[PDB]
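First come two forms of one protein chain, each written alone as structure tokens, so that there is a structure 1 and a structure 2.
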Structure 1
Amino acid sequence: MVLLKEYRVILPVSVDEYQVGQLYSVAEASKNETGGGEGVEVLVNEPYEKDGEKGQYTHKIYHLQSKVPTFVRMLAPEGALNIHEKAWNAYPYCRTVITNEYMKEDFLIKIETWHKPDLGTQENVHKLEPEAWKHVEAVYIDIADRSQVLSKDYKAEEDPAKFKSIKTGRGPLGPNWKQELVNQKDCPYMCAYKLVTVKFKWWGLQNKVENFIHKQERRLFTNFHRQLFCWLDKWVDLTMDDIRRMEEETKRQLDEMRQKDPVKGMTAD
């Protein structure tokens, strides 16, 4: 037994800018959560060959102490957690698997994403078998709706409902932002269908932890995409190679941030 939810993020950007946007934003975000000995450590970032499928592979470590609640922290005597994240990014499809050495296969967060040029209208894009599909909650994340942000997390500068791109004129995103999007030609949009699979088989904490992760993943996909957008002007002119170099700089910066910096980031639920 295992808990499955698909997050549907509609965005006012093209499947092709998104490829770059995301990649940039993963790094910015990584940096905003690293410090105090917590956050992101990159170990591997390189192209791969499965033979027929080509794309980029990463192996990261997420370091967690205080940014998670007491009851998670307490799963380990050292009061501290490393979770390993191996990802195969074959944009427009990505498969991400988070595991924990100390736990065999009783623990798993897996994210499977398909980026598609529509408005989230596709049921079961991931072609799951029908019984399993029956148990999937589909959740829409609206990057405009401020009710969807945790108060602690809100920032007017990370708010799409308040941002206008100077480089492209997109924004800011009013309550109808969607309906409007449908009304005009020179308006791209995609949906990220992120299927998240959570497994945590541990006596008496399974439902509790499973649900906590889904709520934390959802918080992330919400701030992240808010930020992706409010960050348009920073990545909208960027090349893949402009990105791979960022990635390199960022591997070292994170290694320096996590050591020399205060705790920053999201603070946990």
Structure 2
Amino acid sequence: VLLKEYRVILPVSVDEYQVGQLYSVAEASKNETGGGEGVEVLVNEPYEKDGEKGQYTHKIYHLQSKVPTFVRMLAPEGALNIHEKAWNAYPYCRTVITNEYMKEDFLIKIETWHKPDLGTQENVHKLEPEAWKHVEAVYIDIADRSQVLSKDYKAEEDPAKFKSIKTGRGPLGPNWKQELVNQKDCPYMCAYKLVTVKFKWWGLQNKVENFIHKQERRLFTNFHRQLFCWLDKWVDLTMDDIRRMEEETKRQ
């Protein structure tokens, strides 16, 4: 099993990131016809354990209605049931994704620490030493065009081409992180997203784990480029605003 820590350094604050990430999930899913239908909340409850106080959820995403009929007839029982278990104690969060038919043999776990630094901490997740020694650190730089697939590139989601009206932040150049250390004002943080991918069937562990990690890097990159370029849409929201928009979207 292969573990990698993606460090996403961002020119927002931790506080800002919370709001921005919630907004961006909602907003980037706002053109998907077929979103929300088939989502099933099994559990939604508070929890508390040794400093981590938060909200736990257990949700199922039924893909039966979203795939061709022959997929839904050919799929082994439960293979189209995606389980997500989530512990949100922001600035820390853990999510575990499984497949009902794969049981625990196919697993994607993301554990994130959101810290007000430039991604300089080592083993921020406090792994056992030998285990830590086998974790690759992967830096994601949202300004760097060479980290984007050409098919994914969108000028309107390019931090190198965006300046924020409300904050004047951006556009981001290759020295933006350096000018953060030499700055006294603009906030910054780093999301330390430790991703574990497990695929125990058919001796395909290596292939699938590598494919999933590549896709996760691509998604983390595109998502946070979007998140920065939407700064003007969400930087003035509070958490209460976000909860209100959630309830609003709940009516339908």
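Heads up, when I say rigid core I mean the largest set of C-alphas that superpose within 1.5 Å between the two forms. Shifts are known only where both forms have a C-alpha. Residue indices: 1-based, along structure 1.
Here the rigid core is superposed between structures 1 and 2, and of 138, 119, 76, 97 the C-alpha of 76 is the only one to shift by 2 Å or more. Comparing the forms between structures 1 and 2 on their rigid core, the Cα displacement of residue 44 reaches 2 Å or more. Relative to the superposed core, residue 64 shifts its CA atom by 2 Å or more between structures 1 and 2.
Annotation for residue 33: C-alpha shift of 2 angstroms or more between structures 1 and 2, rigid core superposed. Superposed on the rigid core, the forms differ at residue 106: its CA is offset by 0.8 Å between structures 1 and 2. Relative displacement of the residue 205 Cα between structures 1 and 2 on rigid core alignment is 2.1 Å. Here the two forms are laid over each other by their core, and the C-alpha of residue 242 is off by 1.4 Å between structures 1 and 2. Core-superposed comparison between structures 1 and 2: residues with C-alpha shifts of 2 Å or more form runs of three or more at 29-86, 245-253.
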